[PDB]
Amino acid sequence: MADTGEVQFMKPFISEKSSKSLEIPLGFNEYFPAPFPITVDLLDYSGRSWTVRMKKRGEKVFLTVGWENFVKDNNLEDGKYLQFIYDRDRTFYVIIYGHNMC
């Protein structure tokens, strides 16, 4: 049985909160308990990567500071949708859906 892990999830973003933090859905969060990481990397299909600071605080998790570099540099707003492909570690692969324009 060779399967490291690949869970994929999509999230609609609210720019109002995505301005400073990436909110991970509680039900999906409950699915993966892990020790608190210092930094997590977000990989982009075009070749860029953003190192974000992510914390699991109690029951919940937020990718806070650093995520703003992603939102601002890649430019996403309410209406954009992201696909997160996870392995089994702190590797997050993100695909960005603009809308019609980025």
# chains A, B, ... in the order shown; residues from 1 in each chain; ligands from 1

$ select_by_dssp --residues "chain A" --states "strand (DSSP E or B)" --output "ChimeraX atom specification"
/A:7-12,22-23,39-44,49-57,60-63,78,80-86,91-97

$ residues_around --residues "residue 59 of chain A" --least-positions-apart "6" --cutoff "12 Å" --atoms "only C-alpha atoms" --output "count of residues only"
13

$ closest_residue --among "A:52, A:4, A:46, A:38" --to "residue 20 of chain A" --atoms "only C-alpha atoms"
A:52

$ residues_around --residues "residue 21 of chain A" --least-positions-apart "6" --cutoff "7 Å" --atoms "only C-alpha atoms" --output "list in words"
residues 62, 63, 64, 65, 67 and 68 of chain A

$ residues_around --residues "residue 77 of chain A" --least-positions-apart "6" --cutoff "8 Å" --atoms "only C-alpha atoms" --output "JSON, numbers by chain"
{"A": [13, 14, 15, 18, 71]}

$ write_last_selection --atoms "N, CA and C atoms" --output "CSV table (one decimal), in the first residue's frame"
chain,number,residue,atom,x,y,z
A,13,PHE,N,-12.3,32.8,-1.2
A,13,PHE,CA,-11.7,33.7,-0.4
A,13,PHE,C,-12.4,35.0,-0.2
A,14,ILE,N,-12.4,35.5,1.1
A,14,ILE,CA,-13.0,36.7,1.4
A,14,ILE,C,-11.8,37.6,1.6
A,15,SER,N,-11.6,38.6,0.8
A,15,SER,CA,-10.4,39.5,0.8
A,15,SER,C,-10.3,40.2,2.1
A,18,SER,N,-8.7,37.6,4.1
A,18,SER,CA,-7.5,37.0,3.4
A,18,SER,C,-6.4,38.1,3.3
A,71,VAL,N,-1.6,37.1,-1.1
A,71,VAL,CA,-2.8,37.8,-1.4
A,71,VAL,C,-2.5,39.0,-2.2

$ closest_residue --among "A:80, A:72, A:53, A:17" --to "residue 41 of chain A" --atoms "only C-alpha atoms"
A:53

$ closest_residue --among "A:54, A:87, A:76, A:98" --to "residue 16 of chain A" --atoms "only C-alpha atoms"
A:76

$ closest_atom_pairs --of "segment 49-80 of chain A" --to "segment 42-45 of chain A" --cutoff "10 Å" --atoms "only C-alpha atoms" --output "CSV"
residue,atom,partner,partner_atom,distance
A:49,CA,A:43,CA,4.5
A:50,CA,A:42,CA,5.1
A:51,CA,A:42,CA,6.2
A:52,CA,A:42,CA,7.2
A:67,CA,A:42,CA,8.9
A:70,CA,A:42,CA,8.5
A:74,CA,A:44,CA,9.6

$ write_last_selection --atoms "N, CA, C and O atoms" --output "PDB file, in the first residue's frame"
ATOM      1  N   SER A  49       6.834  30.624  -4.941  1.00  0.00           N
ATOM      2  CA  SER A  49       6.509  30.020  -3.678  1.00  0.00           C
ATOM      3  C   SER A  49       6.503  31.079  -2.576  1.00  0.00           C
ATOM      4  O   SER A  49       7.386  31.930  -2.524  1.00  0.00           O
ATOM      5  N   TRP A  50       5.517  31.033  -1.724  1.00  0.00           N
ATOM      6  CA  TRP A  50       5.413  31.968  -0.616  1.00  0.00           C
ATOM      7  C   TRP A  50       5.550  31.243   0.696  1.00  0.00           C
ATOM      8  O   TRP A  50       4.849  30.262   0.943  1.00  0.00           O
ATOM      9  N   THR A  51       6.450  31.700   1.518  1.00  0.00           N
ATOM     10  CA  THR A  51       6.600  31.162   2.834  1.00  0.00           C
ATOM     11  C   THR A  51       5.677  31.940   3.775  1.00  0.00           C
ATOM     12  O   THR A  51       5.842  33.152   3.973  1.00  0.00           O
ATOM     13  N   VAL A  52       4.700  31.261   4.309  1.00  0.00           N
ATOM     14  CA  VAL A  52       3.712  31.860   5.169  1.00  0.00           C
ATOM     15  C   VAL A  52       3.867  31.341   6.580  1.00  0.00           C
ATOM     16  O   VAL A  52       4.423  30.267   6.792  1.00  0.00           O
ATOM     17  N   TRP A  67       0.925  35.208   4.485  1.00  0.00           N
ATOM     18  CA  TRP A  67      -0.166  34.928   3.570  1.00  0.00           C
ATOM     19  C   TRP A  67      -0.550  36.196   2.850  1.00  0.00           C
ATOM     20  O   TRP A  67      -1.026  36.180   1.706  1.00  0.00           O
ATOM     21  N   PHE A  70       1.063  36.643  -0.389  1.00  0.00           N
ATOM     22  CA  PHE A  70       0.440  35.853  -1.412  1.00  0.00           C
ATOM     23  C   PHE A  70      -0.748  36.612  -1.960  1.00  0.00           C
ATOM     24  O   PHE A  70      -0.860  36.813  -3.165  1.00  0.00           O
ATOM     25  N   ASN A  74       0.057  37.965  -5.573  1.00  0.00           N
ATOM     26  CA  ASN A  74      -0.631  37.195  -6.596  1.00  0.00           C
ATOM     27  C   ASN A  74      -1.944  37.883  -6.957  1.00  0.00           C
ATOM     28  O   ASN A  74      -2.522  37.639  -8.019  1.00  0.00           O
TER      29      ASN A  74
END

$ select_by_dssp --residues "chain A" --states "alpha helix (DSSP H)" --output "MDAnalysis selection string"
chainID A and resid 15:18 26:29 67:70

$ closest_residue --among "A:5, A:47, A:37, A:79" --to "residue 94 of chain A" --atoms "only C-alpha atoms"
A:47

$ atom_distance --atom1 "atom CA of residue 66 of chain A" --atom2 "atom CA of residue 7 of chain A"
22.9 Å

$ decode --residues "segment 2-41 of chain A" --atoms "N, CA and C atoms" --output "PDB file, in the first residue's frame"
ATOM      1  N   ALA A   2       1.029   1.840  -1.148  1.00  0.00           N
ATOM      2  CA  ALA A   2       1.829   3.028  -1.265  1.00  0.00           C
ATOM      3  C   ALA A   2       0.961   4.227  -1.579  1.00  0.00           C
ATOM      4  N   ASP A   3       0.710   5.021  -0.573  1.00  0.00           N
ATOM      5  CA  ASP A   3      -0.060   6.244  -0.711  1.00  0.00           C
ATOM      6  C   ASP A   3       0.349   7.178   0.382  1.00  0.00           C
ATOM      7  N   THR A   4       1.097   8.183   0.032  1.00  0.00           N
ATOM      8  CA  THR A   4       1.604   9.112   1.006  1.00  0.00           C
ATOM      9  C   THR A   4       0.483   9.999   1.521  1.00  0.00           C
ATOM     10  N   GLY A   5      -0.295  10.477   0.623  1.00  0.00           N
ATOM     11  CA  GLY A   5      -1.360  11.320   0.972  1.00  0.00           C
ATOM     12  C   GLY A   5      -1.514  12.415  -0.012  1.00  0.00           C
ATOM     13  N   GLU A   6      -2.716  12.652  -0.391  1.00  0.00           N
ATOM     14  CA  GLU A   6      -3.043  13.713  -1.264  1.00  0.00           C
ATOM     15  C   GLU A   6      -4.462  14.099  -1.036  1.00  0.00           C
ATOM     16  N   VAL A   7      -4.655  15.097  -0.262  1.00  0.00           N
ATOM     17  CA  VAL A   7      -5.960  15.609  -0.083  1.00  0.00           C
ATOM     18  C   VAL A   7      -6.027  16.926  -0.790  1.00  0.00           C
ATOM     19  N   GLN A   8      -7.106  17.179  -1.445  1.00  0.00           N
ATOM     20  CA  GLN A   8      -7.245  18.376  -2.171  1.00  0.00           C
ATOM     21  C   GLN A   8      -8.478  19.082  -1.679  1.00  0.00           C
ATOM     22  N   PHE A   9      -8.429  20.372  -1.629  1.00  0.00           N
ATOM     23  CA  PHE A   9      -9.556  21.142  -1.150  1.00  0.00           C
ATOM     24  C   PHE A   9      -9.611  22.488  -1.868  1.00  0.00           C
ATOM     25  N   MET A  10     -10.797  23.044  -1.999  1.00  0.00           N
ATOM     26  CA  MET A  10     -10.967  24.342  -2.632  1.00  0.00           C
ATOM     27  C   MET A  10     -11.619  25.299  -1.657  1.00  0.00           C
ATOM     28  N   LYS A  11     -11.199  26.524  -1.672  1.00  0.00           N
ATOM     29  CA  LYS A  11     -11.709  27.507  -0.746  1.00  0.00           C
ATOM     30  C   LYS A  11     -12.006  28.828  -1.464  1.00  0.00           C
ATOM     31  N   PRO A  12     -13.223  29.391  -1.273  1.00  0.00           N
ATOM     32  CA  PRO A  12     -13.544  30.738  -1.736  1.00  0.00           C
ATOM     33  C   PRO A  12     -12.974  31.753  -0.748  1.00  0.00           C
ATOM     34  N   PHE A  13     -12.328  32.772  -1.242  1.00  0.00           N
ATOM     35  CA  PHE A  13     -11.692  33.727  -0.364  1.00  0.00           C
ATOM     36  C   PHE A  13     -12.413  35.011  -0.181  1.00  0.00           C
ATOM     37  N   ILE A  14     -12.406  35.468   1.054  1.00  0.00           N
ATOM     38  CA  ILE A  14     -12.971  36.707   1.432  1.00  0.00           C
ATOM     39  C   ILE A  14     -11.787  37.623   1.645  1.00  0.00           C
ATOM     40  N   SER A  15     -11.619  38.594   0.762  1.00  0.00           N
ATOM     41  CA  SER A  15     -10.448  39.475   0.759  1.00  0.00           C
ATOM     42  C   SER A  15     -10.301  40.198   2.103  1.00  0.00           C
ATOM     43  N   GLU A  16     -11.431  40.438   2.736  1.00  0.00           N
ATOM     44  CA  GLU A  16     -11.515  41.135   4.000  1.00  0.00           C
ATOM     45  C   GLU A  16     -10.739  40.396   5.090  1.00  0.00           C
ATOM     46  N   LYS A  17     -10.728  39.080   5.024  1.00  0.00           N
ATOM     47  CA  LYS A  17      -9.980  38.308   5.999  1.00  0.00           C
ATOM     48  C   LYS A  17      -8.680  37.794   5.421  1.00  0.00           C
ATOM     49  N   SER A  18      -8.683  37.555   4.118  1.00  0.00           N
ATOM     50  CA  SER A  18      -7.517  37.049   3.417  1.00  0.00           C
ATOM     51  C   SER A  18      -6.425  38.118   3.337  1.00  0.00           C
ATOM     52  N   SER A  19      -6.781  39.337   3.682  1.00  0.00           N
ATOM     53  CA  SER A  19      -5.858  40.438   3.726  1.00  0.00           C
ATOM     54  C   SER A  19      -4.717  40.182   4.731  1.00  0.00           C
ATOM     55  N   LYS A  20      -5.016  39.422   5.791  1.00  0.00           N
ATOM     56  CA  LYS A  20      -4.030  39.128   6.830  1.00  0.00           C
ATOM     57  C   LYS A  20      -4.014  37.671   7.282  1.00  0.00           C
ATOM     58  N   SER A  21      -4.980  36.870   6.868  1.00  0.00           N
ATOM     59  CA  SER A  21      -5.007  35.483   7.308  1.00  0.00           C
ATOM     60  C   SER A  21      -5.793  34.566   6.374  1.00  0.00           C
ATOM     61  N   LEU A  22      -5.324  33.352   6.253  1.00  0.00           N
ATOM     62  CA  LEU A  22      -5.993  32.328   5.484  1.00  0.00           C
ATOM     63  C   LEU A  22      -6.748  31.473   6.489  1.00  0.00           C
ATOM     64  N   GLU A  23      -8.041  31.422   6.344  1.00  0.00           N
ATOM     65  CA  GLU A  23      -8.872  30.648   7.230  1.00  0.00           C
ATOM     66  C   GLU A  23      -9.047  29.211   6.714  1.00  0.00           C
ATOM     67  N   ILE A  24      -8.673  28.256   7.522  1.00  0.00           N
ATOM     68  CA  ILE A  24      -8.863  26.869   7.177  1.00  0.00           C
ATOM     69  C   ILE A  24     -10.169  26.387   7.810  1.00  0.00           C
ATOM     70  N   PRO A  25     -11.099  25.842   6.992  1.00  0.00           N
ATOM     71  CA  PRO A  25     -12.397  25.314   7.468  1.00  0.00           C
ATOM     72  C   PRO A  25     -12.227  24.338   8.638  1.00  0.00           C
ATOM     73  N   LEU A  26     -13.047  24.516   9.663  1.00  0.00           N
ATOM     74  CA  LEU A  26     -12.950  23.770  10.915  1.00  0.00           C
ATOM     75  C   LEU A  26     -13.074  22.252  10.671  1.00  0.00           C
ATOM     76  N   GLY A  27     -14.007  21.858   9.824  1.00  0.00           N
ATOM     77  CA  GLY A  27     -14.222  20.437   9.541  1.00  0.00           C
ATOM     78  C   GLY A  27     -13.024  19.781   8.862  1.00  0.00           C
ATOM     79  N   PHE A  28     -12.315  20.550   8.060  1.00  0.00           N
ATOM     80  CA  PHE A  28     -11.133  20.061   7.365  1.00  0.00           C
ATOM     81  C   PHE A  28      -9.941  20.137   8.321  1.00  0.00           C
ATOM     82  N   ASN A  29      -9.934  21.170   9.132  1.00  0.00           N
ATOM     83  CA  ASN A  29      -8.937  21.374  10.196  1.00  0.00           C
ATOM     84  C   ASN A  29      -8.967  20.210  11.199  1.00  0.00           C
ATOM     85  N   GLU A  30     -10.172  19.801  11.569  1.00  0.00           N
ATOM     86  CA  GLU A  30     -10.403  18.692  12.501  1.00  0.00           C
ATOM     87  C   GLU A  30      -9.860  17.376  11.921  1.00  0.00           C
ATOM     88  N   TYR A  31      -9.730  17.354  10.628  1.00  0.00           N
ATOM     89  CA  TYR A  31      -9.286  16.201   9.903  1.00  0.00           C
ATOM     90  C   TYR A  31      -7.770  15.990  10.044  1.00  0.00           C
ATOM     91  N   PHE A  32      -7.017  17.054  10.282  1.00  0.00           N
ATOM     92  CA  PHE A  32      -5.580  16.899  10.397  1.00  0.00           C
ATOM     93  C   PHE A  32      -4.987  17.647  11.607  1.00  0.00           C
ATOM     94  N   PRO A  33      -4.831  16.966  12.747  1.00  0.00           N
ATOM     95  CA  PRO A  33      -4.126  17.524  13.865  1.00  0.00           C
ATOM     96  C   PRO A  33      -2.628  17.359  13.677  1.00  0.00           C
ATOM     97  N   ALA A  34      -1.916  18.386  13.967  1.00  0.00           N
ATOM     98  CA  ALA A  34      -0.484  18.415  13.768  1.00  0.00           C
ATOM     99  C   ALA A  34       0.152  19.353  14.771  1.00  0.00           C
ATOM    100  N   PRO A  35       1.434  19.137  15.134  1.00  0.00           N
ATOM    101  CA  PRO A  35       2.166  20.074  15.983  1.00  0.00           C
ATOM    102  C   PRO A  35       2.276  21.422  15.264  1.00  0.00           C
ATOM    103  N   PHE A  36       2.422  22.492  16.007  1.00  0.00           N
ATOM    104  CA  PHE A  36       2.441  23.791  15.434  1.00  0.00           C
ATOM    105  C   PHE A  36       3.716  24.002  14.593  1.00  0.00           C
ATOM    106  N   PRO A  37       3.554  24.395  13.340  1.00  0.00           N
ATOM    107  CA  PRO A  37       4.660  24.702  12.481  1.00  0.00           C
ATOM    108  C   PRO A  37       5.084  26.158  12.625  1.00  0.00           C
ATOM    109  N   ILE A  38       6.272  26.446  12.218  1.00  0.00           N
ATOM    110  CA  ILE A  38       6.753  27.788  12.258  1.00  0.00           C
ATOM    111  C   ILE A  38       6.309  28.484  10.985  1.00  0.00           C
ATOM    112  N   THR A  39       6.729  27.937   9.870  1.00  0.00           N
ATOM    113  CA  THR A  39       6.392  28.453   8.578  1.00  0.00           C
ATOM    114  C   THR A  39       5.972  27.318   7.639  1.00  0.00           C
ATOM    115  N   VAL A  40       5.133  27.644   6.693  1.00  0.00           N
ATOM    116  CA  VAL A  40       4.612  26.717   5.710  1.00  0.00           C
ATOM    117  C   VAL A  40       4.825  27.327   4.332  1.00  0.00           C
ATOM    118  N   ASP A  41       5.042  26.516   3.330  1.00  0.00           N
ATOM    119  CA  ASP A  41       5.286  27.044   2.005  1.00  0.00           C
ATOM    120  C   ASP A  41       4.141  26.770   1.086  1.00  0.00           C
TER     121      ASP A  41
END
